[PDB]
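Note sheet for the following structure.
Note that ligands are numbered from 1 as they come in the structure, with each ligand's atoms numbered from 1 the same way. Note: hydrogens, waters and symmetry copies are ignored here, and every other heavy atom, side chains too, is used. Position 1 is the first residue of the sequence, and the numbers go up from there.
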Amino acid sequence: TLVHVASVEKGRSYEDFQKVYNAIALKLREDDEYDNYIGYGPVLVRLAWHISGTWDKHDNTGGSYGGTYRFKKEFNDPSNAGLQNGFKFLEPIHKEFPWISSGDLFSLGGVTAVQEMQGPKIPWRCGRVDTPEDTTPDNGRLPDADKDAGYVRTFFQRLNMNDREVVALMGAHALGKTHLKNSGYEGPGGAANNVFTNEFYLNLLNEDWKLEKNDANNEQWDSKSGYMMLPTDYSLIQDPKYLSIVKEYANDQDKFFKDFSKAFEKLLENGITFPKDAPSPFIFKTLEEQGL
Ligand code: HEM
């Protein structure tokens, strides 16, 4: 069995990590022009997810622990096209705080982004430890977007996620947009794409979606409002079990926030064993809460 035990960066405590959070948050505020004024929040959330979503529950390969996205096999995964922008954003942060591990930095970037975009608090734990280049997972473990609900359910079971966790996590697609050159899909999902809300679910249910091909010859669902849904997004209103949960979150943002926060922490921690004397999870203050 392959076990990864969280090991706190030597001598570091909550306050040290809050300083890293603050540096990420200050740079997020500064770099507001990125991606036609969306800012870096969405791509940092996607980075935190993609470095975690290589995990395989069966043998504990992949996952956030090892920080392996720093190695070219993983950095160059076609599934990760565009994430280099997030890595480049985090580079000056890592320079300022060289003591933090890569997996801790990448995952903390996603937590910081969600919170600074007015999302829920996401508890976060330190202690991911960089592992060598030969531990980098092969490409092909991240999901395809052209597929249906059965594919989504099966995929997420590899990450030990159930229906509620899947539907909650997908709500992150309120953020950012698809970019044709990255993924072969184009467009935002709504008007509020750098503030964290339940808009994904509302737009899934309330827009009039039309199936179209895009300029890369791929099918996607488009609305007159200029929004889009991936086939895997749209699958959440095709499957009866997913549809029930989509309606729940469309009706109740507080419940979505609570479930997202739990699922996202779980995603970022998959594969990691936290020893009993490990610090409790940290809840970082936003810049606003600190007067910064
Ligand atoms: C079935 C699972 C999923 C599929 C197929 C999928 C697919 C995609 C695709 C194709 C894009 C567009 C990339 C680009 O063109 O730049 C995207 C963007 C994004 N994904 Fe997902 N995704 C999935 C799950 C998730 C999850 C679980 C999260 C996080 C909780 C997430 C967060 C995001 C974010 C924030 C963006 C916007 C990035 C940006 O604007 O640069 N995705 N996803």
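- For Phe156, the heavy-atom gap to ligand 1 drops under 4.0 angstrom.
- Nearest to atom 14 (C) of ligand 1 among the protein's heavy atoms is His179 ND1, 3.5 Å.
- Using a 4.5 Å heavy-atom threshold, the side chains of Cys126 and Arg12 count as separate.
- Annotation: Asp35 places no N or O atom under 3.5 Å from an N or O atom of ligand 1; distance criterion only.
- With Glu248 as the partner, the salt bridge (charged side-chain N to carboxylate O under 4.0 Å, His left out) test is satisfied by one option alone out of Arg164, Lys241, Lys255: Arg164.
- Between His173 and ligand 1, at least one N/O pair is under 3.5 Å apart.
- Taking each of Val43, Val166, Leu175, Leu230 in turn, the one with a heavy atom nearest to atom 37 (C) of ligand 1 proves to be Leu175.
- If you check which protein heavy atom lies closest to atom 5 (C) of ligand 1, you get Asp144 O, 3.4 Å.
- Within the structure, the closest approach of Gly82 to ligand 1 does not fall below 4.0 Å when heavy atoms are considered.
- The N/O atoms of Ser183, backbone and side chain alike, include one that comes under 3.5 Å of an N/O atom in ligand 1.
- At a 4.0 Å cut-off, not a single heavy atom of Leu142 sits close enough to ligand 1 to count as contact.
- Relative to atom 39 (C) of ligand 1, the option among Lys177, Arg46, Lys147 with the closest non-hydrogen atom is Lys177.
- Considering backbone and side-chain N/O of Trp49, one or more are found under 3.5 Å from N/O of ligand 1.
- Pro143 CG, 3.9 Å is the protein heavy atom nearest to atom 4 (C) of ligand 1.
- Comment: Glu74 does not engage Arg141 in a salt bridge, judged by the lack of any side-chain N to carboxylate O separation of less than 4.0 angstrom.
- Protein heavy atom in closest approach to atom 35 (C) of ligand 1: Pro42 O, 3.3 Å.
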